[PDB]
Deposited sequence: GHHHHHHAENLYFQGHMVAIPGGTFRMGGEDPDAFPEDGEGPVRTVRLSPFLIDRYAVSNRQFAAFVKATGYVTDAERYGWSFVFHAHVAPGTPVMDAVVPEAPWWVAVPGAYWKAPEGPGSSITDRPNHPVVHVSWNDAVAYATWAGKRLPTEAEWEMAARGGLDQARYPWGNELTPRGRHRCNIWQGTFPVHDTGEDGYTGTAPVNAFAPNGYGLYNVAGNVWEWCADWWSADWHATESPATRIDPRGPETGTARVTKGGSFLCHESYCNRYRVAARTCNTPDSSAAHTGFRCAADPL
């Protein structure tokens, strides 16, 4: 049975339907096919890793993030470019402690998700914590919270009863975020309601690094490797991220549905991407 341990939830072994058939999904994202996947029991963080947690890691180890080694990271234009996504600016000195670059800080965001962390940085933290990154299937089973093929962690309605359940964009992207959900940037890792397994902000807030190499179609075939504790392709060039972010909106990406997925190279980082850890029982 489901139980809690520290700030993690112990998800029992089980079977669920992964993926989606949203009619507007981008073919290259490989959200389909919908497929039945059986997982062994695992533990997963109920919260994405926070600024204060990452700061404790850096204080204990002296870890220097990829964004600090490169000297820049990606910041959203409005908080002071990639041709296909011109709202993303490469900002020298943007990093986890200064998420909008020079002049910014995290003093007023101690319990927000840490951002500007690459996949390498996430793995470094997880390893120091005695943990690991979730597989994409573990992430999605946990984020679905026991519901079968719902659009979002809590069901099919984005705002049940008109109440916000996650931190995404409202308004007109990218020129005006109305902040109707309470936040025009990240929110605390423990904001909004939990899902059915106790996880917070699986949808929205920040994209979350997973263990798997990205593919659009490795998982399309039916086989034990793709359906029983699937770990993704053996190689790749980008790692999977899940969940969507405070910037996501139906008018451009529509990537805050639980089946959604994207990827980034493992040394890359951005103001809307963090991670949560997992562990084996």
Sequence ranges without modelled C-alpha atoms (deposited numbering): 1-9, 90-98, 300
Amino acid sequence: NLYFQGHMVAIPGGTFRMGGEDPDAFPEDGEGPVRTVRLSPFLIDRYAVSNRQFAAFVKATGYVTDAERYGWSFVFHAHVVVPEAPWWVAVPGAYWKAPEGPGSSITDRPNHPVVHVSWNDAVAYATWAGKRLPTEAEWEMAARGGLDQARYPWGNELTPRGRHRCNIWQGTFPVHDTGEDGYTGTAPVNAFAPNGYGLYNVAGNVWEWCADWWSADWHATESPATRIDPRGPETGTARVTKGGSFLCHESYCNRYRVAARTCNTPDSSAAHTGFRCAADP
From here on, numbers count along this sequence of modelled residues.
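Rigid core (definition): largest C-alpha set, two forms, superposition within 1.5 Å.
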Which of the two stretches, 96-104 versus 149-157, has its Cα atoms farther on average from this form in 8 other deposited structures of this protein when everything is superposed by the rigid core? 96-104
Stretch 181-189 versus stretch 82-90: after rigid core alignment, which one is farther off in C-alpha RMS in 8 other deposited structures of this protein? 82-90
Take the C-alpha B-factors listed in the entry for 120-128 and for 101-109, compute each mean, and give the stretch with the larger one. 101-109
Could you settle it for me: does 135-143 or 159-167 have the higher average Cα B factor in the PDB entry? 159-167
Checking the entry, which one of 189, 199, 206, 82 has the top C-alpha B factor? 82
Determine which member of 221, 51, 245, 241 has the highest CA B-factor, using the values in the deposited entry. 221
Give the position of residue 279 by CA B-factor within its chain, expressed as the lowest, middle or highest third. middle
Report the third (lowest, middle or highest) to which the CA temperature factor of residue 273 belongs, ranking only the modelled residues of the same chain. lowest
Determine, from the deposited record, the chain-internal third of the Cα B-factor for residue 45: lowest, middle or highest. lowest
Once the chain's modelled residues are ordered by C-alpha B factor and cut into thirds, is residue 195 in the lowest, middle or highest one? lowest
Would you mind checking where the Cα B-factor of residue 94 ranks among the modelled residues of its chain, as the lowest, middle or highest third? middle
